[PDB]
Amino acid sequence: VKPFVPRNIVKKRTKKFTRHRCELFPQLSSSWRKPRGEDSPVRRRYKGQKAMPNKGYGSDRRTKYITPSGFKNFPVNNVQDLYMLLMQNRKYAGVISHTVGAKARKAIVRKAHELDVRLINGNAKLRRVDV
Amino acid sequence: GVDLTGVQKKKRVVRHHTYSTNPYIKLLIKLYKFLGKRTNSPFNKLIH
Amino acid sequence: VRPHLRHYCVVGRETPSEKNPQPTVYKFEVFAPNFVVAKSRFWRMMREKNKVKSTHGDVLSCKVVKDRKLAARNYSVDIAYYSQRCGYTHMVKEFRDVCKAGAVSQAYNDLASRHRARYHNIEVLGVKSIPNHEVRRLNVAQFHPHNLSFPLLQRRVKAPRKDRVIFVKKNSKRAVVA
Amino acid sequence: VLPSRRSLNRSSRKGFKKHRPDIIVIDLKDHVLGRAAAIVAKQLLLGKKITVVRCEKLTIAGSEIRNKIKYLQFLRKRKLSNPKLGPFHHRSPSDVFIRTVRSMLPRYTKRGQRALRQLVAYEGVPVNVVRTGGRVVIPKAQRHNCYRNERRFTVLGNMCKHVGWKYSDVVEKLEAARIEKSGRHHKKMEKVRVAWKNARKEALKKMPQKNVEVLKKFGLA
Amino acid sequence: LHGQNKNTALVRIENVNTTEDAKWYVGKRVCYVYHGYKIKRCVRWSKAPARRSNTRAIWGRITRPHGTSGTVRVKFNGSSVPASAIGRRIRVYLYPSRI
Amino acid sequence: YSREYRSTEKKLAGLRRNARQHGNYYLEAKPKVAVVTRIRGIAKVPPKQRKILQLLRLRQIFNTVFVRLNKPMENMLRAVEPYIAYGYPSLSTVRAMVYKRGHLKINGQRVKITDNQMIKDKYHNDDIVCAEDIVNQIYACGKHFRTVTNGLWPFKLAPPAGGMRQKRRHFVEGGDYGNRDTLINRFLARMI
Amino acid sequence: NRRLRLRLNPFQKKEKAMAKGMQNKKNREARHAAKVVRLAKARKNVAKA
Amino acid sequence: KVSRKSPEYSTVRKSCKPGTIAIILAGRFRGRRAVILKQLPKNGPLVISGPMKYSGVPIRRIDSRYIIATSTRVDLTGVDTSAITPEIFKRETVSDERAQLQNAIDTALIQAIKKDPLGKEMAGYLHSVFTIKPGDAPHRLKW
RNA sequence: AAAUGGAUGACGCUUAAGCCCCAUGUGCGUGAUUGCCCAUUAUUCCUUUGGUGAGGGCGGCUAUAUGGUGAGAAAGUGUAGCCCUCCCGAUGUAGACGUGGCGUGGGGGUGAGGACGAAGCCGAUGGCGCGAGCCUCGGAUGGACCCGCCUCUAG
Ligand SMILES: [Mg+2]
Ligand SMILES: [Mg+2]
Ligand SMILES: [Mg+2]
Ligand SMILES: [Mg+2]
Ligand SMILES: [Mg+2]
Ligand SMILES: [Mg+2]
Ligand SMILES: [Mg+2]
Ligand SMILES: [Mg+2]
């Protein structure tokens, strides 16, 4: 199945927004925190400091949530969940949950190849096998 | 930039949805919103 | 072509009213960069001499005066300038030039260099083309005699902009860099 | 800068004999110090290799006493706590020129340090640069184009001699020998120069006439 | 004075020294030649095996003259030229030709 | 309209020649229309000057409008002189502004002029049905000057291409602000 | 833009044709000569008065 | 009057005409001189063949943006150049019919060159190569 | 005429690189009306977000199997926004308000997962979101429980 691949995908920023001075303290996490300090150089927008996220960095609505392969990810948990993606198989791809066992995965992978439903973490060799 | 001396103090407060949780209120709002847009009736716009 | 301060003639009057019908018409000579400045100087002089302001007056004409042909002449310029320390100073200077506008432009640059007087503190009273044998300045009358000749020394020659170089060989004209 | 054994073996294996990079040799006689340094500094930043000679003949505007006093005021500045860390006051003309050029460079970056390493300065014309080719001048920094004839100027060699330079007599003796040696050789090798000029004049009589007409039209012969 | 912008570069060409001269070179292709430290893929890697080498090139184009003295502005396709090239050689070719 | 412009110009030239031939003078009519542009920013503006600029619709630097130069309007312009530059426009200047930068104010929206039909719809008057009607009403004083000019969004222009002399200081002293008479046309040609 | 100019003003074609005729060489030399004669004749007649 | 769909339609600069002498700016034959023969049917590349015994350039296609067209022109009315066709390049150690075509074209081209009054100088001119010496300024030349 | 050695920012500059004034592309007394450089400014173009926002479509009959082209279309504040055009704003301490905005322990419902390996832990495992965060991969880790969605509750 071939998706409707966008002509070009533009990201306004690839780097992440990290916390101020998170590299100098092992206990500080990298997740973003808004700085509220009366003298903070980041909050005051000095030239050589880190940037703060805001609404202008938003992604284009036409290519939002689209993976590089051109699909959108939808989780699945059993065989019966594959028929939800059967008709719109050019738009959504299935993602098998991490906690699904190997015994149940064999049935899901076998049916998905039969139905022509793309799985992001299925069998690598089967999808290359032509029909 | 622009002046914007008195721009903000001229905005009104307008609501476009109901706070009510009554489903029958929502059905009436749906009917008269349609009639207000598709008819030349000041009465219908007032009801909505 | 070269000089700034073109030669202007401005003609104006006061707006007629029922106290003063048919007012007098005045004619004014001024040296200005453009006609907007020329009209500004006209209304200043009309106000300080006739009590007529630009609000109650009209401008009839404002054109550029044509000068004579190109030749070497003696020009006498009587000029005045103001300073806080001394007040008003009045002098008569002489220059060699080819046109009235050029001589007046020379005087303005000369006053700025020798007395530090700006354009708006200077008033021109007149400019005249005077003959020889009537010049009282030796630095001007030295250009009068026939058979006058002199050499050019301490020249600072420069190549045309298309052929300038940075490094050149010592015993030839061959360029090395640029 | 002296090659090691490793360089000698590698050159011998690959059969390399000699190599000379592209270098411009500038004769700094009767040049204005400040204007020559500014032009040299920019060319170094553009990636040129420059060697200057006769640094003792650079000129500075003003009387010698005025410039001597200027240097003595510079000599007074030193770190009081430990003068061996303080500013260093070099006394030779070539060291003075290098300091002047260094002040017109970004000397605290690797780019600036690399540019300074590309400049070599000498007093007089040393024996290793005499036969390297024709020397050049900078017309925008020459004395006869920069100073009015009535002003008084200072020769850098005479100024440095009275503030600590000790090799003024040595340089003068070496220069006298070079002029004698070069003058003798240039008086020689005149028969070959005359012979070459005569051969060109003998041509235009044996060469084809059509090509002679072309040369005349373009003003070459 | 505030800093530099690395999306545009300035190139000085020999024997130009004039804005009217620099206008002749607008639109010409340029390249910066350097070398790496191991052989990687190149154009005609299979057709012409003699081309394989450590040599690499980064290409760009001349956009407009800069100043009044023959300096030109160059943009290197979609990225910047590395700062290790400051003060090094740049090749200016004669194509595309308008003559 | 083209015939009217040619006839008016050549009639005026004949009158001037008649006076010059006989030694008299001909006095011109005072200008009726001015074109005003803002050349300063929005920082540190006193309340009196702030109000006047709002009434002239010059809320942003390099905005431009057309006004009628009568006594009430002249006294307003004198109060905000160090913030504006103005002069007397020509026919070419008016045509360039309408055709290249003309926008209409329709239903509160700023729409660009693309054809005569939207001009006809916006002005329900019968004397304003095309772009040339807009130009004639502005160049000449016209009966519907206020209707036509108020229906146009204020013009948003680019900075002068060749630069400026001095933002401070009057044009007479060598600066940029104040009245420039017909020399405003050279200023606006680089700006448009 | 040519098609936008004509759309906004359908008289553009004739206005430009007048300008081209103004620029024509033979007509502009005749106009220059005729203007000189007309001005000179009026100057002489006014003086003779 | 020529329509864009018609084969005869082309948009190439007026200096590039049949019989013009050009300098190759890029490729394995950089710096050598050649003669422009014709243009391909559509708005395609030109076909150049400097007399192969003179400059060493065989029949080839080249883009108009990689040659400098000089003002020297040799009359080409005699040479038909009708056999030149896109199919000879379309086909993918030279071949026999390619050699025969090259020989026929070269023979006609050489005769046309010798017909010019400066035939001998033209033959020497085609032998010369173009290079950029230290201190040259191609932007100041006239060509 | 002052207390460490030091400052037109430094070097330096005197046919100035000093002081006062005047000019400008190619061609400065024959080219009238732009010598050149540098912004979070102005013009123009693309994208996001919020509107006192402005318009339009929404009663699905043209015709068509696989091995002329294939997918959607909800009468709608708020989304993975029902969809398509257009216009105007966007910084901000103290402070106010909004969010089908994120995350944690437990209750009522609904739907799944697990010895073919749950929770927990490790990471040059990548992908998605402006972000709080979410998900996949690997473990030459572990050995028994746990989660998605709608609502209720809080140490
Ligand atoms: Mg991201
Ligand atoms: Mg504070
Ligand atoms: Mg300025
Ligand atoms: Mg400074
Ligand atoms: Mg905010
Ligand atoms: Mg706060
Ligand atoms: Mg608890
Ligand atoms: Mg607590």
Side-chain angles (χ1 to χ4, degrees), chain A residues 4 10 12-13 17 31-34 38 45 53-61 64-68 72-73 75 77-78 88 90-91 95-106 120-121, chain B residues 1-2 4 7 10-17 30 33-34 37, chain C residues 1-4 70 98 105 108-109 111-119 154 156, chain D residues 32-35 37-38 61-62 76-81 86-87 99-104 145-149 151, chain E residues 1-2 18-20 66-68, chain F residues 41 60-62 107-111 156-163 183 186 189-190:
Chain A
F4 298 103
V10 154
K12 297 192 180 150
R13 181 177 163 119
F17 292 92
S31 53
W32 169 252
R33 284 302 184 278
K34 171 81 143 185
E38 52 187 26
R45 296 165 291 126
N54 59 65
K55 73 232 174 210
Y57 290 103
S59 300
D60 173 358
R61 298 199 65 93
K64 211 176 170 170
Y65 302 115
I66 287 177
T67 49
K72 303 180 158 198
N73 289 351
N77 295 307
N78 37 60
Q88 282 192 267
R90 269 149 181 279
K91 198 189 159 132
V95 189
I96 306 180
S97 297
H98 169 69
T99 36
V100 175
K103 209 204 322 160
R105 263 158 189 274
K106 296 187 255 191
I120 89 169
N121 54 355
Chain B
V2 240
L4 272 44
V7 171
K10 312 184 162 326
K11 325 276 205 57
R12 310 279 181 123
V13 175
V14 189
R15 227 176 68 224
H16 293 123
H17 64 114
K30 157 196 195 108
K33 162 148 86 164
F34 169 87
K37 265 154 30 178
Chain C
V1 203
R2 273 297 316 308
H4 63 301
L70 223 68
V98 293
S105 314
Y108 268 87
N109 289 337
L111 275 195
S113 156
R114 283 191 224 271
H115 303 281
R116 321 283 169 170
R118 326 292 152 120
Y119 172 85
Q154 302 201 49
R156 172 57 173 310
Chain D
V32 178
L33 165 83
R35 307 183 171 262
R76 270 191 21 93
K77 277 136 193 68
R78 62 171 206 166
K79 171 150 204 196
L80 184 64
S81 300
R99 179 102 173 185
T100 303
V101 167
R102 180 173 137 253
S103 291
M104 308 183 177
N145 289 340
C146 289
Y147 296 162
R148 289 231 167 271
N149 287 31
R151 300 295 175 195
Chain E
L1 286 175
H2 54 97
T18 277
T19 311
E20 305 306 318
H66 190 66
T68 63
Chain F
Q60 160 178 68
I61 183 157
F62 300 130
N107 229 35
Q109 322 274 300
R110 187 186 163 237
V111 328
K156 292 143 76 74
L157 307 187
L183 294 181
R186 291 137 83 131
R190 303 141 58 216

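Chain A is the first sequence line, chain B the second, and so forth, proteins listed ahead of strands; every chain is numbered from 1. Worth knowing before you read on, the calculation uses all heavy atoms, side chains too, and leaves out hydrogens, waters and symmetry mates.
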Base, sugar-phosphate, or nothing for [X], non-hydrogen atoms under 4.0 angstrom?
{"X": "E/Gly67", "answer": "sugar-phosphate"}
{"X": "A/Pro68", "answer": "sugar-phosphate"}
{"X": "A/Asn77", "answer": "sugar-phosphate"}
{"X": "D/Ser81", "answer": "nothing"}
{"X": "E/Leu1", "answer": "nothing"}
{"X": "E/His2", "answer": "sugar-phosphate"}
{"X": "A/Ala104", "answer": "sugar-phosphate"}
{"X": "F/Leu157", "answer": "sugar-phosphate"}
{"X": "F/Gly41", "answer": "nothing"}
{"X": "E/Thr18", "answer": "nothing"}
{"X": "A/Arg33", "answer": "sugar-phosphate"}
{"X": "B/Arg15", "answer": "nothing"}
{"X": "C/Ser113", "answer": "base"}
{"X": "C/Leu111", "answer": "nothing"}

For [N], the sugar region implied by its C1'-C2'-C3'-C4' torsion sign:
{"N": "I/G127", "answer": "north"}
{"N": "I/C116", "answer": "south"}
{"N": "I/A90", "answer": "south"}
{"N": "I/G139", "answer": "north"}
{"N": "I/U62", "answer": "south"}

Under 3.5 Å, which protein N or O atoms sit close to an N or O of nucleotides 78-82 of chain I? Give each pair with its distance.
| residue | atom | partner | partner atom | Å |
| --- | --- | --- | --- | --- |
| I/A80 | OP2 | A/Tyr65 | OH | 3.4 |

Min side-chain heavy-atom separation D/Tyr147-D/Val32 under 4.5 Å: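 Of all side-chain heavy-atom pairs linking D/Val32 with D/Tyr147, at least one is under 4.5 Å.
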
Kindly indicate whether the side chain of A/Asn73, heavy atoms from C-beta on, has any atom under 4.5 Å from the side chain of A/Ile120.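 Side chain of A/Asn73 against side chain of A/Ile120, heavy atoms only: contact under 4.5 Å found.
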
For RNA chain I, what string of dots and brackets results from 5' to 3' when Watson-Crick and G-U pairs need both distances under 3.5 Å, crossing pairs get [ ], and pairs with another strand get |? ...............................................((((.(((((........................))))))))).............((((((((.(......((((..(((....))).))).)...).)))))))).

OP1, OP2 of [N] versus side-chain N and O of [X]: anything below 4.0 Å?
{"X": "B/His16", "N": "I/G76", "value": "no"}
{"X": "D/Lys77", "N": "I/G6", "value": "yes"}
{"X": "A/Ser59", "N": "I/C130", "value": "yes"}
{"X": "F/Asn107", "N": "I/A54", "value": "no"}
{"X": "A/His98", "N": "I/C135", "value": "no"}
{"X": "D/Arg76", "N": "I/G6", "value": "yes"}

In whole Å, what separates the [atom1] atom of [N] from that of [M]?
{"N": "I/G106", "M": "I/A75", "atom1": "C1'", "answer": "42 Å"}
{"N": "I/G57", "M": "I/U66", "atom1": "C1'", "answer": "34 Å"}
{"N": "I/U91", "M": "I/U41", "atom1": "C1'", "answer": "15 Å"}
{"N": "I/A16", "M": "I/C20", "atom1": "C1'", "answer": "15 Å"}
{"N": "I/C149", "M": "I/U136", "atom1": "P", "answer": "13 Å"}
{"N": "I/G76", "M": "I/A90", "atom1": "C1'", "answer": "27 Å"}
{"N": "I/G51", "M": "I/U99", "atom1": "P", "answer": "12 Å"}
{"N": "I/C137", "M": "I/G120", "atom1": "P", "answer": "16 Å"}

Can you tell which of I/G133, I/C137, I/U26 lies closest to the side chain of A/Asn121?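 Closest of the options to the side chain of A/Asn121: I/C137.
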
Looking only at side-chain atoms of A/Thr67, point me to the closest of I/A42, I/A23, I/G127.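 That would be I/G127.
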
Donor-acceptor contact present, side-chain [X] to main-chain [Y], <3.5 Å:
{"X": "D/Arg78", "Y": "D/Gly86", "answer": "no"}
{"X": "A/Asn121", "Y": "A/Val95", "answer": "no"}
{"X": "A/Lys12", "Y": "A/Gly58", "answer": "yes"}

State which residues pass side-chain hydrogen bond (donor to acceptor under 3.5 Å, both in side chains) with B/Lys37; sequence neighbours excluded, sorted by chain then number.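 Listed in chain order: nothing, the list is empty.
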
Which residue, D/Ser103 or B/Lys10, contacts RNA chain I at a nucleotide closer to its 5' end, judged by nearest heavy atom?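 The 5'-side residue here is D/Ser103.
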
Report the residue (B/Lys37 or A/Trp32) whose heavy-atom-nearest nucleotide on RNA chain I is the more 5′ of the two.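 Result of the comparison: B/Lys37.
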
Six-ring stack, [N] vs [M], 5.5 Å / 30 deg cutoffs:
{"N": "I/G27", "M": "I/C28", "value": "no"}
{"N": "I/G25", "M": "I/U26", "value": "yes"}
{"N": "I/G68", "M": "I/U69", "value": "yes"}

For nucleotides 83-91 of chain I, 5' to 3', base contacts (B), sugar-phosphate-only contacts (S) and non-contacts (-) with protein non-hydrogen atoms under 4.0 Å give ---BSSSBS

Please report the shortest heavy-atom distance between [X] and [Y], naming the atom on each side.
{"X": "C/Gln154", "Y": "D/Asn149", "value": "OE1-OD1, 3.0 Å"}
{"X": "D/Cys146", "Y": "D/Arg35", "value": "SG-CD, 4.0 Å"}
{"X": "B/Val2", "Y": "F/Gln60", "value": "CG1-CB, 4.1 Å"}
{"X": "F/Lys156", "Y": "F/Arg110", "value": "CD-NH2, 3.6 Å"}
{"X": "F/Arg190", "Y": "F/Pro160", "value": "NH2-CB, 4.0 Å"}

Under 3.5 Å between N/O atoms: give me all the protein pairs with nucleotides 64-74 of chain I, atom names plus distance.
| residue | atom | partner | partner atom | Å |
| --- | --- | --- | --- | --- |
| I/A71 | OP1 | A/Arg90 | NE | 3.0 |

Are A/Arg13 and A/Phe17 in a cation-pi contact, defined as NZ or CZ under 6.0 Å from the six-membered ring centre and within 45° of the axis?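 Because its charged atom sits under 6.0 Å from the ring centre and within 45° of the axis, A/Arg13 does stack over A/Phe17.
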
Which atom pairs link the protein and nucleotides 13-16 of chain I when you take only N or O atoms and keep those under 3.5 Å?
| residue | atom | partner | partner atom | Å |
| --- | --- | --- | --- | --- |
| I/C13 | OP1 | D/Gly34 | N | 2.9 |
| I/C13 | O3' | D/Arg35 | NH2 | 3.4 |
| I/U14 | OP1 | D/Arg35 | NE | 3.2 |
| I/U15 | OP1 | D/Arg148 | N | 3.0 |
| I/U15 | OP2 | D/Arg151 | NE | 3.3 |
| I/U15 | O2' | C/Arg156 | NH1 | 2.6 |
| I/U15 | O2 | D/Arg148 | NH1 | 3.3 |
| I/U15 | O2 | D/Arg148 | NH2 | 3.3 |
| I/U15 | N3 | C/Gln154 | O | 3.0 |
| I/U15 | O4 | C/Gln154 | O | 3.3 |

From F/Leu157 CG over to F/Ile61 CD1, what is the distance, rounded to the nearest 0.5 angstrom?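 The CD1 atom of F/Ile61 is 11.5 Å from CG of F/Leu157, to the nearest 0.5 Å.
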
